[PDB]
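Structure first, then comments.
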Amino acid sequence: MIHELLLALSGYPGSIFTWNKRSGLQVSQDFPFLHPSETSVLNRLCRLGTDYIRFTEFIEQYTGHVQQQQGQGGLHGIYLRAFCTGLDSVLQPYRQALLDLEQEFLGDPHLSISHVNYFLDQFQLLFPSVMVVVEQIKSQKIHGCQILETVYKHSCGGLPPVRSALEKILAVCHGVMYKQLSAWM
Amino acid sequence: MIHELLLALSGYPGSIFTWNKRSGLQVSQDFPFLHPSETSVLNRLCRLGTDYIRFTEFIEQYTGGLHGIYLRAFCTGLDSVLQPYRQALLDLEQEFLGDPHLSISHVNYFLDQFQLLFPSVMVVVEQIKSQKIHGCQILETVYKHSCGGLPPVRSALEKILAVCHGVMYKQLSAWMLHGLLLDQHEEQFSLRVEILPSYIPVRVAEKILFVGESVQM
Amino acid sequence: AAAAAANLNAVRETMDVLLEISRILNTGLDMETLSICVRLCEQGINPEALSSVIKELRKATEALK
Amino acid sequence: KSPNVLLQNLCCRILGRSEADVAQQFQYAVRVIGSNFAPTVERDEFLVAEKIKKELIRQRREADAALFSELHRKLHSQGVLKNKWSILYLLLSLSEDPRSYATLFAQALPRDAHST
Amino acid sequence: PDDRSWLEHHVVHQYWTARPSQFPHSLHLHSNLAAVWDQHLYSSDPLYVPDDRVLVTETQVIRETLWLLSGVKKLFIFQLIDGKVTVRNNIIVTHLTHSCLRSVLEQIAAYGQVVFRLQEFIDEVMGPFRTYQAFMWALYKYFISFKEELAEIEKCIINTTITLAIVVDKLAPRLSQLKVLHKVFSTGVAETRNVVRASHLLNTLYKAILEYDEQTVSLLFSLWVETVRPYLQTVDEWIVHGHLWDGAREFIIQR
Amino acid sequence: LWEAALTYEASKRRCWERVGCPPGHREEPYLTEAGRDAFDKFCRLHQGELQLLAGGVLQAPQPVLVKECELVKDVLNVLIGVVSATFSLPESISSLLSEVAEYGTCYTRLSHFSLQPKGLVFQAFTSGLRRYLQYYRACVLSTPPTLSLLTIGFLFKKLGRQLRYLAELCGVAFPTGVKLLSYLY
């Protein structure tokens with residue numbers, strides 16, 4: 001139950017957490033030895049792993065599937081790949097936290113899951129905020145420089161982790177346009 | 001038993017001891033294993049817990065005629081006096097974990113000092129309700145009874161009196177340095193003469209007002 | 001065993017009670033010494049024979065100090 | 001066990017002499033302990049505590065006498081020892097003041113007016 | 001039994017599942033209070049009708065209450081039945097015989113409602129105003145510091161003696177700070193206009209800090225700054241850029 | 001001996017219901033607070049329950065055992081290019097294995113595609129790819145001192161995708177001569 005949550009949450013899910021594309025992750029949930037106490041903590045923790053898998057799936061889907069080339073900006077373009085590039089670097093401290101938990105579990109595995117939820121509570125807020133930002137870009141098929149505005153209205157934010165996280169990715173998307181500007185001008 | 005008793009004396013009513021608003025914690029269960037005289041013993045013990053229960057209710061609402069930051073300071077002094085009564089309630093549980101043979105009397109013994117403290121402050125609490133004191137005369141009605149007649153009720157009221165002095169050390173720092181009053185409820189404006197405690201003279205009180213007014217110009 | 005552990009716990013309790021009793025009767029012993037004495041009178045021996053020994057032995061170590 | 005080998009441990013607890021170094025004091029200890037191994041005064045673990053209580057009231061530390069009644073009660077609560085008179089009598093014999101007369105306060109039975 | 005035995009050893013398995021309690025503790029009235037209360041009833045001739053309850057042990061209750069208090073819901077006691085949590089009425093311990101237990105646990109339930117409500121309010125952020133979004137952020141920042149101490153007490157349950165009045169007394173200085181949020185959120189849910197809903201919330205905290213003008217005041221201060229954070233931004237923008245931009249005017253002066 | 005044993009450190013794990021001086025009986029940890037051994041036992045139980053509910057035509061080949069470090073050495077050997085005993089050219093472990101394993105199975109599919117030292121510029125271009133294969137061969141055996149399993153998956157995620165990008169450039173006919181010389185331009 002300790003190691004297995006790491007194995008699920010890392011993005012390489014097991015059979016305890018049957019991944020569906022319409023429920024995300026879900027525990028097997030059919031035991032006379034499973035209680036409501038674990039259930040709520042598990043369901044809270046399931047959202048984070050579902051978000052991580054969707055994020056990495058997005059990044060893989062739009063980076064490394066063509067060389068650089070539909071002409072539709074919602075499915076293709078350099079700005080989008082720059083977005084994915086910013087997102088993975090933003091995803092790095094989640095991985096750092098998971099490995100950090102793993103070392104202490106190898107030291108003593110009798111630590112509780114409540115501490116894991118307590119540690120992972122800070123990303124529990126950050127992930128749903130950035131989820132809608134990528135979802136809008138995919139949904140509206142937004143072309144070119146308008147993609148730059150879509151994050152930008154969301155990077156004048158009022159929460160420090162969300163605003164600071166989107167801001168660096170917007171800097172990446174600035175840089176690709178700057179490079180093309182260094183040719184045309 | 002010895003946790004049920006040790007919550008019944010606390011704010012919890014008990015199911016052996018019957019709470020009632022006329023007077024509660026009344027023993028009303030008969031057992032073969034307790035000697036017939038034990039109930040009488042119990043009754044004197046119950047004289048403690050009643051006060052604590054009533055005390056908590058009065059503390060629960062606070063911390064017109066009865067309002068103000070003074071009533072949130074008096075009640076805090078009333079928290080402070082119950083504080084070693086709280087600690088000396090946890091210690092008994094710790095003792096009873098080890099020893100199973102201890103008699104009821106050891107409780108009765110160890111907290112007999114609050115069977116003088118608690119009723120004699122209850123009269124002060126009722127006096128502050130019947131007369132609608134919320135002003136600066138609360139220091140007065142402490143100060144006459146802070147002299148005390150018994151040494152525990154002499155220190156408990158000192159603890160309460162200090163905080164009410166501490167508030168007037170804030171009012172008279174806005175006033176004598178910045179020239180500011182009315183940063184709180186009351187009790188060109190001046191001091192109300194009727195609310196002054198007698199052990200502060202009228203002349204010094206005049207000097208305070210003159211100092212505060214001259215700053216403003 | 002389990003009851004042998006709780007018995008041993010109670011022997012620690014008794015040797016601490018005896019340690020209180022020794023410290024307000026203010027003897028020269030420490031814990032480990034009175035343990036040896038407890039062995040001596042557990043098998044049955046005279047306290048009046050042990051006391052004369054302890055009383056000269058504590059005086060025969062200030063004689064060459 | 002053997003009561004003879006246990007005697008030298010006391011001689012190495014009191015004096016810092018090693019076990020093959022102290023053989024004079026243990027020699028004398030065989031003289032005093034040997035042939036004074038059987039009791040010569042009647043066993044009373046009750047009376048020894050009642051004579052410490054007598055001493056504790058006599059010094060007017062009456063709260064410590066009621067503390068000693070608790071310690072005696074804990075002694076009875078465990079009940080592992082075989083002879084509880086002997087260790088209390090031994091602690092009484094080696095007494096010193098923490099910081100008058102006992103010729104008119106009662107002693108114990110001689111086992112000559114009791115059984116020999 | 002190869003799965004059951006290993007479970008029986010290291011996990012509890014007798015009260016969140018249907019099973020009778022099998023743990024002979026120490027009997028004899030000071031902790032035998034359930035059975036002696038039953039026998040006293042029957043000797044007094046109620047007349048009878050035995051009550052069926054599981055007779056769970058004591059420390060389990062402390063575990064459940066901690067997990068409830070730290071923020072997660074849905075446990076085996078204090079299941080909500082109308083939106084107000086209710087302890088399971090078939091739960092009894094070997095002492096306090098189901099009536100005093102319900103009294104101390106009803107006092108705990110009273111505190112648990114506030115946390116349950118605030119947790120629910122945060123849960124609805126996971127499901128333009130952005131002042132409510134700026135409100136839940138400060139609530140969140142308090143909550144991590146709260147959960148830290150709750151978890152700290154859970155760490156020492158693995159090691160000690162476990163009874164109610166100790167852990168309750170340890171949580172006394174957090175249940176004290178908790179009471180303030182029931183009043184600041186009450187004016188934060190006392191509201192129509194997006195500017196009156198923010199101003200009526202904001203003026204309560206200024207009045208409460210001027211009341212004590214401690215530890216409650218540091219709470220109110222840390223909540224004050226994190227709620228006046230939008231206004232500093234909007235006034236700074238209006239000053240330096242020479243125009244007032246705001247999606248859905250939350251600003252008091254109309255251009 | 002009995003008083004040499006006497007010097008025990010007295011009980012503090014002592015329940016309120018127990019007044020008979022218990023030495024302790026072990027507080028009995030949470031359901032998840034056993035998850036290094038109870039997890040493995042539950043894994044075994046869950047699989048066997050699935051086998052019974054299917055009929056026994058699944059028949060697990062022990063995807064648990066071996067533990068951690070031996071597999072770290074096995075995947076490190078896959079980074080040399082020689083495949084594992086599972087691959088050719090818990091049960092959650094299979095997913096973690098497959099993701100890092102496909103990178104090594106592509107590393108071999110690059111190395112046999114670079115056997116030449118016709119086409120002069122194609123030969124020079126091919127040596128340019130061998131200069132990257134040596135880089136991938138050089139990062140292993142310096143950076144790991146045998147770390148944990150999850151560090152391999154996270155650390156070779158940012159890098160293995162970059163390798164997998166390069167397979168798309170290759171076939172695994174192909175343009176050569178002026179055609180390649182302009183296409184690459």
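Every chain in the structure tokens takes a letter, A first, then B, and so on in the order presented; its residues are numbered from 1, and the ligands are numbered from 1 following the presented order.
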
Per residue of chain D within 12 Å of chain F, which atom pair is closest and at what distance in Å (one decimal), using only C-alpha atoms, listed by chain and increasing number, as a Markdown table?
| residue | atom | partner | partner_atom | distance |
| --- | --- | --- | --- | --- |
| D:1 | CA | F:1 | CA | 10.9 |
| D:77 | CA | F:20 | CA | 11.5 |
| D:78 | CA | F:21 | CA | 11.1 |

Taking a cut-off of 9 Å and counting only C-alpha atoms, can you build a table that, for each residue of chain B near chain F, reports the nearest atom pair and how far apart they are in Å (one decimal), sorted by chain then residue number, as a Markdown table?
| residue | atom | partner | partner_atom | distance |
| --- | --- | --- | --- | --- |
| B:96 | CA | F:19 | CA | 8.6 |
| B:97 | CA | F:19 | CA | 6.2 |
| B:98 | CA | F:19 | CA | 6.6 |
| B:99 | CA | F:19 | CA | 7.7 |
| B:100 | CA | F:19 | CA | 7.1 |

With N, CA, C and O atoms kept, could you save the residues just selected as a PDB file, in the first residue's frame?
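This went into out_14.pdb:
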ATOM      1  N   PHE B  96      -4.009   7.094  38.314  1.00  0.00           N
ATOM      2  CA  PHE B  96      -4.935   5.975  38.370  1.00  0.00           C
ATOM      3  C   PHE B  96      -4.577   4.901  37.363  1.00  0.00           C
ATOM      4  O   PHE B  96      -5.010   3.752  37.515  1.00  0.00           O
ATOM      5  N   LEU B  97      -3.817   5.259  36.323  1.00  0.00           N
ATOM      6  CA  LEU B  97      -3.309   4.245  35.401  1.00  0.00           C
ATOM      7  C   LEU B  97      -2.414   3.243  36.120  1.00  0.00           C
ATOM      8  O   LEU B  97      -2.493   2.036  35.868  1.00  0.00           O
ATOM      9  N   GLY B  98      -1.592   3.718  37.046  1.00  0.00           N
ATOM     10  CA  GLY B  98      -0.721   2.823  37.769  1.00  0.00           C
ATOM     11  C   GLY B  98      -1.408   2.164  38.943  1.00  0.00           C
ATOM     12  O   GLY B  98      -1.295   0.950  39.134  1.00  0.00           O
ATOM     13  N   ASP B  99      -2.133   2.942  39.722  1.00  0.00           N
ATOM     14  CA  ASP B  99      -2.612   2.373  40.965  1.00  0.00           C
ATOM     15  C   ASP B  99      -4.109   2.122  40.919  1.00  0.00           C
ATOM     16  O   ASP B  99      -4.878   3.030  40.588  1.00  0.00           O
ATOM     17  N   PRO B 100      -4.546   0.904  41.237  1.00  0.00           N
ATOM     18  CA  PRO B 100      -5.983   0.614  41.244  1.00  0.00           C
ATOM     19  C   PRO B 100      -6.633   0.706  42.618  1.00  0.00           C
ATOM     20  O   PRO B 100      -7.861   0.622  42.722  1.00  0.00           O
TER      21      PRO B 100
END

inquiry  = Which residue is closest to chain B? Choose from E:240, E:201, E:41, E:184 and count only C-alpha atoms.
reply    = E:41

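If only C-alpha atoms are the atoms counted, then among B:18, B:110, B:154, B:102 the closest residue to chain D is B:102.
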
request  = Report the residues of stretch 137-234 of chain E whose backbone DSSP state falls under helix (DSSP H, G or I), written as a ChimeraX atom specification.
outcome  = /E:137-155,164-170,172-187,196-211,216-234

Write the residues of the selection above to a file with C-alpha atoms, as a PDB file, in the first residue's frame.
ATOM      1  CA  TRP E 137      -5.938  30.133  -0.999  1.00  0.00           C
ATOM      2  CA  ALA E 138      -5.464  31.661   2.451  1.00  0.00           C
ATOM      3  CA  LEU E 139      -7.792  29.018   3.909  1.00  0.00           C
ATOM      4  CA  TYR E 140      -5.553  26.421   2.295  1.00  0.00           C
ATOM      5  CA  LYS E 141      -2.435  28.021   3.758  1.00  0.00           C
ATOM      6  CA  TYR E 142      -3.896  27.721   7.215  1.00  0.00           C
ATOM      7  CA  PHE E 143      -4.945  24.150   6.532  1.00  0.00           C
ATOM      8  CA  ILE E 144      -1.470  22.817   5.804  1.00  0.00           C
ATOM      9  CA  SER E 145      -0.220  24.165   9.150  1.00  0.00           C
ATOM     10  CA  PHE E 146      -3.247  22.613  10.851  1.00  0.00           C
ATOM     11  CA  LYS E 147      -2.729  19.204   9.242  1.00  0.00           C
ATOM     12  CA  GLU E 148       0.935  19.221  10.286  1.00  0.00           C
ATOM     13  CA  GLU E 149       0.104  19.095  14.000  1.00  0.00           C
ATOM     14  CA  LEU E 150      -2.702  16.578  13.465  1.00  0.00           C
ATOM     15  CA  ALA E 151      -0.272  14.314  11.624  1.00  0.00           C
ATOM     16  CA  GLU E 152       2.352  14.840  14.332  1.00  0.00           C
ATOM     17  CA  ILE E 153       0.003  13.454  16.929  1.00  0.00           C
ATOM     18  CA  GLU E 154      -0.682  10.498  14.593  1.00  0.00           C
ATOM     19  CA  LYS E 155       3.058   9.725  14.443  1.00  0.00           C
ATOM     20  CA  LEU E 164      -9.023  11.166  24.989  1.00  0.00           C
ATOM     21  CA  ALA E 165      -8.243  13.992  27.403  1.00  0.00           C
ATOM     22  CA  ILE E 166      -4.561  14.122  26.455  1.00  0.00           C
ATOM     23  CA  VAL E 167      -4.909  14.491  22.714  1.00  0.00           C
ATOM     24  CA  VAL E 168      -7.877  16.847  23.157  1.00  0.00           C
ATOM     25  CA  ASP E 169      -5.756  19.005  25.427  1.00  0.00           C
ATOM     26  CA  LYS E 170      -2.940  18.896  22.905  1.00  0.00           C
ATOM     27  CA  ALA E 172      -6.752  22.884  22.546  1.00  0.00           C
ATOM     28  CA  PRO E 173      -4.653  25.684  20.900  1.00  0.00           C
ATOM     29  CA  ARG E 174      -5.880  24.699  17.420  1.00  0.00           C
ATOM     30  CA  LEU E 175      -9.581  24.340  18.230  1.00  0.00           C
ATOM     31  CA  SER E 176      -9.262  27.824  19.748  1.00  0.00           C
ATOM     32  CA  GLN E 177      -8.005  29.356  16.502  1.00  0.00           C
ATOM     33  CA  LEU E 178     -10.644  27.341  14.604  1.00  0.00           C
ATOM     34  CA  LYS E 179     -13.551  29.276  16.138  1.00  0.00           C
ATOM     35  CA  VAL E 180     -12.526  32.535  14.415  1.00  0.00           C
ATOM     36  CA  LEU E 181     -12.949  31.015  10.959  1.00  0.00           C
ATOM     37  CA  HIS E 182     -16.561  30.119  11.693  1.00  0.00           C
ATOM     38  CA  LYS E 183     -17.269  33.844  12.016  1.00  0.00           C
ATOM     39  CA  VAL E 184     -15.068  35.222   9.253  1.00  0.00           C
ATOM     40  CA  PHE E 185     -16.487  32.700   6.771  1.00  0.00           C
ATOM     41  CA  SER E 186     -20.007  33.437   7.996  1.00  0.00           C
ATOM     42  CA  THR E 187     -19.546  36.996   6.726  1.00  0.00           C
ATOM     43  CA  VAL E 196     -20.286  44.013  -1.909  1.00  0.00           C
ATOM     44  CA  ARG E 197     -19.458  40.323  -1.433  1.00  0.00           C
ATOM     45  CA  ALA E 198     -15.776  41.241  -1.189  1.00  0.00           C
ATOM     46  CA  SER E 199     -16.176  44.460   0.818  1.00  0.00           C
ATOM     47  CA  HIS E 200     -18.553  43.000   3.406  1.00  0.00           C
ATOM     48  CA  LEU E 201     -16.102  40.163   3.891  1.00  0.00           C
ATOM     49  CA  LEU E 202     -13.141  42.544   4.088  1.00  0.00           C
ATOM     50  CA  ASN E 203     -14.571  44.969   6.628  1.00  0.00           C
ATOM     51  CA  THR E 204     -15.216  42.207   9.198  1.00  0.00           C
ATOM     52  CA  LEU E 205     -11.497  41.417   9.513  1.00  0.00           C
ATOM     53  CA  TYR E 206     -10.471  45.064   9.871  1.00  0.00           C
ATOM     54  CA  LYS E 207     -13.015  45.451  12.674  1.00  0.00           C
ATOM     55  CA  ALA E 208     -11.815  42.271  14.373  1.00  0.00           C
ATOM     56  CA  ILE E 209      -8.174  43.369  14.295  1.00  0.00           C
ATOM     57  CA  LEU E 210      -9.175  46.770  15.670  1.00  0.00           C
ATOM     58  CA  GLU E 211     -10.995  44.878  18.438  1.00  0.00           C
ATOM     59  CA  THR E 216      -5.722  34.737  17.029  1.00  0.00           C
ATOM     60  CA  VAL E 217      -4.496  38.142  15.859  1.00  0.00           C
ATOM     61  CA  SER E 218      -1.587  36.588  13.933  1.00  0.00           C
ATOM     62  CA  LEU E 219      -4.145  34.355  12.230  1.00  0.00           C
ATOM     63  CA  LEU E 220      -6.323  37.362  11.381  1.00  0.00           C
ATOM     64  CA  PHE E 221      -3.277  39.275  10.161  1.00  0.00           C
ATOM     65  CA  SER E 222      -2.124  36.486   7.852  1.00  0.00           C
ATOM     66  CA  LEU E 223      -5.674  36.285   6.531  1.00  0.00           C
ATOM     67  CA  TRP E 224      -5.932  40.070   6.180  1.00  0.00           C
ATOM     68  CA  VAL E 225      -2.966  40.479   3.884  1.00  0.00           C
ATOM     69  CA  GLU E 226      -3.899  37.519   1.670  1.00  0.00           C
ATOM     70  CA  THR E 227      -7.347  39.011   1.129  1.00  0.00           C
ATOM     71  CA  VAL E 228      -6.228  42.599   0.514  1.00  0.00           C
ATOM     72  CA  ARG E 229      -3.758  41.232  -2.070  1.00  0.00           C
ATOM     73  CA  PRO E 230      -6.186  41.734  -5.063  1.00  0.00           C
ATOM     74  CA  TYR E 231      -6.802  45.382  -4.249  1.00  0.00           C
ATOM     75  CA  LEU E 232      -3.126  46.372  -4.130  1.00  0.00           C
ATOM     76  CA  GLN E 233      -2.714  44.869  -7.591  1.00  0.00           C
ATOM     77  CA  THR E 234      -5.737  46.636  -9.079  1.00  0.00           C
TER      78      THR E 234
END

request  = Point out the residue among A:161, A:86, A:107, A:36 with the least atom-to-atom distance to chain E, counting only C-alpha atoms.
outcome  = A:36
